[PDB]
Amino acid sequence: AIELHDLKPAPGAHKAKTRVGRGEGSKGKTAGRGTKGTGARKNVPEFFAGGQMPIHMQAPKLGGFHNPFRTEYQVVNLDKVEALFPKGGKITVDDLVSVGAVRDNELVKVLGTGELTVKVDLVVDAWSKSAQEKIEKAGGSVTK
Amino acid sequence: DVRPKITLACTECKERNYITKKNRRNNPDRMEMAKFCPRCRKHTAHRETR
Amino acid sequence: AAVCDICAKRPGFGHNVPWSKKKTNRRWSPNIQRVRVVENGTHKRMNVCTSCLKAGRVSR
Amino acid sequence: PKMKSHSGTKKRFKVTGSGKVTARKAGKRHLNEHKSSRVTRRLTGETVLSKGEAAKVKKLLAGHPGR
RNA sequence: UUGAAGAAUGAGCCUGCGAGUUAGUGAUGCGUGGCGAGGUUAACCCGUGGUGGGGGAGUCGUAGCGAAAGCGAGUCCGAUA
RNA sequence: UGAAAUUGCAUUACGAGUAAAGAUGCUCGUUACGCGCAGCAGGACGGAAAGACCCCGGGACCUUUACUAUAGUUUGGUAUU
Ligand SMILES: CON(C)Cc1ccc(O)c2c1C[C@H]1C[C@H]3[C@H](N(C)C)C(O)=C(C(N)=O)C(=O)[C@@]3(O)C(O)=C1C2=O
Ligand SMILES: [Mg+2]
Ligand SMILES: [Mg+2]
Ligand SMILES: [Mg+2]
Ligand SMILES: [Mg+2]
Ligand SMILES: [Mg+2]
Ligand SMILES: [Mg+2]
Ligand SMILES: [Mg+2]
Ligand SMILES: [Mg+2]
Ligand SMILES: [Mg+2]
Ligand SMILES: [Mg+2]
Ligand SMILES: [Mg+2]
Ligand SMILES: [Mg+2]
Ligand SMILES: [Mg+2]
Ligand SMILES: [Mg+2]
Ligand SMILES: [Mg+2]
Ligand SMILES: [Mg+2]
Ligand SMILES: [Mg+2]
Ligand SMILES: [Mg+2]
Ligand SMILES: [Mg+2]
Ligand SMILES: [Mg+2]
Ligand SMILES: [Mg+2]
Ligand SMILES: [Mg+2]
Ligand SMILES: [Mg+2]
Ligand SMILES: [Mg+2]
Ligand SMILES: [Mg+2]
Ligand SMILES: [Mg+2]
Ligand SMILES: [Mg+2]
Ligand SMILES: [Mg+2]
Ligand SMILES: [Mg+2]
Ligand SMILES: [Mg+2]
Ligand SMILES: [Mg+2]
Ligand SMILES: [Mg+2]
Ligand SMILES: [Mg+2]
Ligand SMILES: [Mg+2]
Ligand SMILES: [Mg+2]
Ligand SMILES: [Mg+2]
Ligand SMILES: [Zn+2]
Ligand SMILES: [Zn+2]
């Protein structure tokens, strides 16, 4: 039984639009720009530094290259594996880590910051050495 | 022009390890020095490149 | 002339490109030659490009 | 329309995991003979920008994460 | 404008008109609302009945470090320093 | 019969001062009843033209053994041969 005339926004949700150049009791006349100069009329570009050689020219170019065929490993940690499979996840898989969170349709590398008190069989794409060591120490395994 | 830049390369692994300056008129010939060669991992004789 | 009466080869337009790369408009005309032809039985001149003349597409 | 990122900024500046802006030290490309090994060591690192310069670089990168 | 009642500028007078706008699934803050380790759809399809429903392709968050191979709570320079 | 440029205003003195350094308008004094008509040009830094000199920014055109180009003229190759 609200009725359309009882709908009001939350306080502070609709800030009033500041209207500039409408009198000297507000941002009036110069409209918050001061007097004379470039800034009195347009702007100054962010790459411009006054004629001094700008930072983006004086700094040397980071060289190197990009791997055209670089693949990025979605990474899951042993903390997360333990938390999302606490009941001793017998055989975790890519689909299971995806329904938890791994951002699927990618390679699903597992890393090893954590403890992993449970036994787990990961079956993922690649793993770190410390993660593998912790997994067999707990009694689990990795595959693929 | 009278004190050129000379490059010392190790006489073992022919690696241009160092660069320095001589006098050309006070030392006309190629200079011999014992410097540390990182590749050879010891002190090897270094000779000015030709 | 710069248009072939056979194959209608016509000038192309591009750039003079100096060392400083100050590009200026220029033209590439086809190598048009005016030769005597005997077509069917008609003696007449025709402006014929050297490509057509070499290919033999023109009867002399 | 989408805002393009500054090309020189893309090629020259990195953004770390914690939002720091870093560049490569300047002055080591050539004329290195007269420079001591100490000077070359000072110039061979990676410098962290000041707050104002980092803000300017972040504005120049149109959300580009740096090189 | 350092400084103007100024013998510096503009206005004869009234009435009307006359300048911070709008567009981006732009960039970056803040307020506020929703959901929350998740958030969100674009085109398009359906609703000839709209403002509603579908659509998760993508995209941001979910790990960083390195020129990169790569390694990974570490990584890179380095001598497994 | 009937305009014009001009016009922040008005109940618009002088003297010696003072002040953006040359005041009808501020100070201290002096003089002056209200309103007209014909006149004269010392002042209102009088009106008319966003100084035409100077400098600073921009432009234009002109010049040349400034730069970079180019039509034209010329050299050779090659096609037509
Ligand atoms: C001998 O030195 N005395 C003091 C000057 C002077 C004397 C007698 C004159 O007769 C004129 C001048 C000045 C010039 C100024 C010229 C100028 N122009 C050439 C760019 C200009 O700017 C305008 C204008 N319309 O603004 C002109 O009137 C103008 O052309 C012209 O005619 C002038 C004259 O008549
Ligand atoms: Mg004001
Ligand atoms: Mg005003
Ligand atoms: Mg302001
Ligand atoms: Mg202003
Ligand atoms: Mg102004
Ligand atoms: Mg100023
Ligand atoms: Mg200003
Ligand atoms: Mg600014
Ligand atoms: Mg721009
Ligand atoms: Mg300069
Ligand atoms: Mg052009
Ligand atoms: Mg031939
Ligand atoms: Mg180099
Ligand atoms: Mg050195
Ligand atoms: Mg002044
Ligand atoms: Mg005035
Ligand atoms: Mg006055
Ligand atoms: Mg003025
Ligand atoms: Mg006026
Ligand atoms: Mg007006
Ligand atoms: Mg997807
Ligand atoms: Mg005075
Ligand atoms: Mg006086
Ligand atoms: Mg007085
Ligand atoms: Mg008074
Ligand atoms: Mg009179
Ligand atoms: Mg009179
Ligand atoms: Mg007078
Ligand atoms: Mg005047
Ligand atoms: Mg002027
Ligand atoms: Mg004039
Ligand atoms: Mg004049
Ligand atoms: Mg000019
Ligand atoms: Mg003119
Ligand atoms: Mg010729
Ligand atoms: Mg010839
Ligand atoms: Zn050596
Ligand atoms: Zn032809």
# chains A, B, ... in the order shown; residues from 1 in each chain; ligands from 1

$ select_by_dssp --residues "chain D" --states "alpha helix (DSSP H)" --output "JSON, numbers by chain"
{"D": [7, 8, 9, 10, 11, 12, 37, 38, 39, 40, 41, 42, 43, 51, 52, 53, 54, 55, 56, 57, 58, 59, 60]}

$ write_last_selection --atoms "N, CA and C atoms" --output "CSV table (one decimal), in the first residue's frame"
chain,number,residue,atom,x,y,z
D,7,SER,N,50.2,6.0,-25.7
D,7,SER,CA,51.1,5.0,-26.2
D,7,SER,C,52.5,5.0,-25.5
D,8,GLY,N,53.1,6.2,-25.3
D,8,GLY,CA,54.3,6.2,-24.6
D,8,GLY,C,54.2,5.8,-23.2
D,9,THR,N,53.1,6.2,-22.5
D,9,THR,CA,52.8,5.7,-21.2
D,9,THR,C,52.7,4.2,-21.1
D,10,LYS,N,51.9,3.6,-22.0
D,10,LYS,CA,51.8,2.2,-22.1
D,10,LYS,C,53.2,1.5,-22.2
D,11,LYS,N,54.0,2.0,-23.0
D,11,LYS,CA,55.3,1.4,-23.2
D,11,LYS,C,56.3,1.7,-22.1
D,12,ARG,N,56.1,2.7,-21.3
D,12,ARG,CA,57.1,3.1,-20.4
D,12,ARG,C,56.8,2.8,-18.9
D,37,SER,N,80.8,2.0,-12.0
D,37,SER,CA,79.9,0.9,-11.7
D,37,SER,C,78.8,1.3,-10.7
D,38,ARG,N,79.2,2.1,-9.8
D,38,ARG,CA,78.2,2.6,-8.8
D,38,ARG,C,77.1,3.4,-9.4
D,39,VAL,N,77.5,4.3,-10.4
D,39,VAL,CA,76.5,5.1,-11.1
D,39,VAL,C,75.6,4.2,-11.9
D,40,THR,N,76.2,3.2,-12.6
D,40,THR,CA,75.4,2.3,-13.4
D,40,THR,C,74.5,1.4,-12.5
D,41,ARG,N,74.9,1.1,-11.3
D,41,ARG,CA,74.1,0.4,-10.4
D,41,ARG,C,72.9,1.2,-10.0
D,42,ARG,N,73.2,2.5,-9.7
D,42,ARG,CA,72.1,3.4,-9.3
D,42,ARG,C,71.1,3.6,-10.5
D,43,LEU,N,71.6,3.5,-11.7
D,43,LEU,CA,70.7,3.7,-12.9
D,43,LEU,C,70.1,2.5,-13.5
D,51,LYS,N,53.8,10.8,-6.0
D,51,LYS,CA,52.3,10.7,-6.0
D,51,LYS,C,51.7,11.5,-7.2
D,52,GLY,N,52.2,12.7,-7.5
D,52,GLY,CA,51.7,13.5,-8.6
D,52,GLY,C,52.0,12.9,-9.9
D,53,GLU,N,53.3,12.4,-10.1
D,53,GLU,CA,53.6,11.8,-11.4
D,53,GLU,C,52.8,10.5,-11.6
D,54,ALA,N,52.6,9.7,-10.5
D,54,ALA,CA,51.8,8.5,-10.6
D,54,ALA,C,50.4,8.8,-11.0
D,55,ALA,N,49.8,9.8,-10.4
D,55,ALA,CA,48.5,10.2,-10.8
D,55,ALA,C,48.4,10.6,-12.2
D,56,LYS,N,49.4,11.4,-12.7
D,56,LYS,CA,49.4,11.8,-14.1
D,56,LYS,C,49.5,10.6,-15.0
D,57,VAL,N,50.4,9.6,-14.7
D,57,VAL,CA,50.5,8.4,-15.5
D,57,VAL,C,49.2,7.6,-15.5
D,58,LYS,N,48.6,7.5,-14.3
D,58,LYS,CA,47.3,6.8,-14.3
D,58,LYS,C,46.2,7.4,-15.1
D,59,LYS,N,46.2,8.8,-15.2
D,59,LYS,CA,45.3,9.5,-16.1
D,59,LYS,C,45.7,9.2,-17.5
D,60,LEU,N,47.0,9.1,-17.8
D,60,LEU,CA,47.4,8.9,-19.2
D,60,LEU,C,47.0,7.5,-19.7

$ interface_residues --of "chain C" --to "chain F" --cutoff "10 Å" --atoms "only C-alpha atoms (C1' of nucleotides)" --output "number ranges by chain"
C: 16-25, 31-35, 49-51, 53-54

$ residues_near_ligand --ligand "ligand 23" --cutoff "8 Å" --atoms "only C-alpha atoms (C1' of nucleotides) and all ligand atoms" --output "count of residues only"
3

$ residues_near_ligand --ligand "ligand 7" --cutoff "8 Å" --atoms "only C-alpha atoms (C1' of nucleotides) and all ligand atoms" --output "PyMOL selection string"
chain A and resi 35-37

$ write_last_selection --atoms "N, CA, C and O atoms" --output "compact mmCIF listing (two decimals), in the first residue's frame"
# COMPACT_ATOMS: atom_id res chain seq x y z
N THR A 35 40.90 33.92 -13.62
CA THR A 35 40.98 35.00 -14.59
C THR A 35 42.12 34.75 -15.57
O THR A 35 43.24 34.44 -15.15
N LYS A 36 41.82 34.87 -16.86
CA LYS A 36 42.80 34.79 -17.95
C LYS A 36 43.47 33.42 -18.04
O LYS A 36 43.26 32.55 -17.20
N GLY A 37 44.28 33.24 -19.08
CA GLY A 37 45.07 32.03 -19.24
C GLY A 37 44.38 30.98 -20.09
O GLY A 37 43.23 31.12 -20.52

$ select_by_dssp --residues "stretch 23-112 of chain A" --states "strand (DSSP E or B)" --output "PyMOL selection string"
chain A and resi 50+52+73+76+91+107+110

$ write_last_selection --atoms "C-alpha atoms" --output "CSV table (one decimal), in the first residue's frame"
chain,number,residue,atom,x,y,z
A,50,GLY,CA,54.8,23.2,-20.3
A,52,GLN,CA,59.8,20.6,-20.6
A,73,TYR,CA,46.8,-20.3,-15.6
A,76,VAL,CA,43.6,-22.0,-7.1
A,91,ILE,CA,38.1,-36.2,-6.4
A,107,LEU,CA,43.7,-24.1,-17.4
A,110,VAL,CA,46.7,-25.3,-8.3

$ residues_near_ligand --ligand "ligand 20" --cutoff "12 Å" --atoms "only C-alpha atoms (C1' of nucleotides) and all ligand atoms" --output "ChimeraX atom specification"
/E:9-12 /F:6-8,47,50

$ closest_residue --among "A:8, A:42, A:87, A:56" --to "ligand 9" --atoms "only C-alpha atoms and all ligand atoms"
A:42

$ residues_around --residues "residue C:40" --least-positions-apart "3" --cutoff "10 Å" --atoms "only C-alpha atoms (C1' of nucleotides)" --output "JSON, numbers by chain"
{"C": [37, 43, 59]}

$ residues_around --residues "residue B:18" --least-positions-apart "6" --cutoff "9 Å" --atoms "only C-alpha atoms (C1' of nucleotides)" --output "list in words"
residues 6, 7, 8, 9, 10, 35 and 46 of chain B; 33 of chain D

$ residues_near_ligand --ligand "ligand 27" --cutoff "12 Å" --atoms "only C-alpha atoms (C1' of nucleotides) and all ligand atoms" --output "PyMOL selection string"
chain F and resi 36-40

$ write_last_selection --atoms "N, CA and C atoms (P, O5', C5', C4', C3', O3' and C1' of nucleotides)" --output "PDB file, in the first residue's frame"
ATOM      1  P     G F  36      17.102  76.947 -18.017  1.00  0.00           P
ATOM      2  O5'   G F  36      16.146  77.543 -19.135  1.00  0.00           O
ATOM      3  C5'   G F  36      16.671  78.051 -20.344  1.00  0.00           C
ATOM      4  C4'   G F  36      15.963  79.311 -20.758  1.00  0.00           C
ATOM      5  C3'   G F  36      16.573  80.028 -21.945  1.00  0.00           C
ATOM      6  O3'   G F  36      16.142  79.478 -23.171  1.00  0.00           O
ATOM      7  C1'   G F  36      16.169  81.576 -20.210  1.00  0.00           C
ATOM      8  P     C F  37      17.213  78.935 -24.226  1.00  0.00           P
ATOM      9  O5'   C F  37      17.522  80.213 -25.112  1.00  0.00           O
ATOM     10  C5'   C F  37      16.464  80.971 -25.670  1.00  0.00           C
ATOM     11  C4'   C F  37      16.965  82.285 -26.198  1.00  0.00           C
ATOM     12  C3'   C F  37      18.308  82.235 -26.894  1.00  0.00           C
ATOM     13  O3'   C F  37      18.227  81.762 -28.222  1.00  0.00           O
ATOM     14  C1'   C F  37      18.297  84.022 -25.374  1.00  0.00           C
ATOM     15  P     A F  38      19.415  80.873 -28.819  1.00  0.00           P
ATOM     16  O5'   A F  38      20.395  81.944 -29.456  1.00  0.00           O
ATOM     17  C5'   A F  38      19.885  83.040 -30.192  1.00  0.00           C
ATOM     18  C4'   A F  38      20.883  84.160 -30.237  1.00  0.00           C
ATOM     19  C3'   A F  38      22.293  83.758 -30.621  1.00  0.00           C
ATOM     20  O3'   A F  38      22.451  83.654 -32.022  1.00  0.00           O
ATOM     21  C1'   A F  38      22.352  85.149 -28.712  1.00  0.00           C
ATOM     22  P     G F  39      23.569  82.689 -32.636  1.00  0.00           P
ATOM     23  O5'   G F  39      24.922  83.440 -32.294  1.00  0.00           O
ATOM     24  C5'   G F  39      26.030  82.735 -31.772  1.00  0.00           C
ATOM     25  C4'   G F  39      26.962  83.661 -31.042  1.00  0.00           C
ATOM     26  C3'   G F  39      28.320  83.085 -30.698  1.00  0.00           C
ATOM     27  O3'   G F  39      29.211  83.149 -31.790  1.00  0.00           O
ATOM     28  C1'   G F  39      27.419  84.169 -28.807  1.00  0.00           C
ATOM     29  P     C F  40      29.985  81.835 -32.273  1.00  0.00           P
ATOM     30  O5'   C F  40      31.416  82.002 -31.616  1.00  0.00           O
ATOM     31  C5'   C F  40      31.922  83.291 -31.319  1.00  0.00           C
ATOM     32  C4'   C F  40      32.936  83.216 -30.217  1.00  0.00           C
ATOM     33  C3'   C F  40      33.766  81.949 -30.207  1.00  0.00           C
ATOM     34  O3'   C F  40      34.858  82.060 -31.101  1.00  0.00           O
ATOM     35  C1'   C F  40      32.983  82.436 -28.017  1.00  0.00           C
TER      36        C F  40
END

$ residues_near_ligand --ligand "ligand 9" --cutoff "10 Å" --atoms "only C-alpha atoms (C1' of nucleotides) and all ligand atoms" --output "PDB file with C-alpha atoms, in the first residue's frame"
ATOM      1  CA  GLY A  39      42.516  27.322 -18.252  1.00  0.00           C
ATOM      2  CA  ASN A  43      42.052  22.914 -20.707  1.00  0.00           C
ATOM      3  CA  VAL A  44      45.629  21.658 -20.804  1.00  0.00           C
ATOM      4  CA  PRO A  45      46.318  18.149 -22.169  1.00  0.00           C
ATOM      5  CA  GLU A  46      47.545  15.613 -19.634  1.00  0.00           C
ATOM      6  CA  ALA A  49      54.253  19.537 -19.337  1.00  0.00           C
TER       7      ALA A  49
ATOM      8  CA  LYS D  56      49.398  11.772 -14.114  1.00  0.00           C
TER       9      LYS D  56
END

$ residues_around --residues "residue D:66" --least-positions-apart "2" --cutoff "7 Å" --atoms "only C-alpha atoms (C1' of nucleotides)" --output "PyMOL selection string"
chain D and resi 10+13-15+64

$ write_last_selection --atoms "C-alpha atoms" --output "mmCIF file, in the first residue's frame"
data_model
loop_
_atom_site.group_PDB
_atom_site.id
_atom_site.type_symbol
_atom_site.label_atom_id
_atom_site.label_comp_id
_atom_site.auth_asym_id
_atom_site.auth_seq_id
_atom_site.Cartn_x
_atom_site.Cartn_y
_atom_site.Cartn_z
ATOM 1 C CA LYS D 10 51.825 2.186 -22.089
ATOM 2 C CA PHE D 13 55.164 2.583 -17.128
ATOM 3 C CA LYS D 14 54.125 -0.438 -15.063
ATOM 4 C CA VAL D 15 51.532 -0.766 -12.306
ATOM 5 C CA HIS D 64 45.646 0.256 -19.322
#

$ residues_around --residues "residue A:141" --least-positions-apart "6" --cutoff "7 Å" --atoms "only C-alpha atoms (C1' of nucleotides)" --output "ChimeraX atom specification"
/A:120-122,135
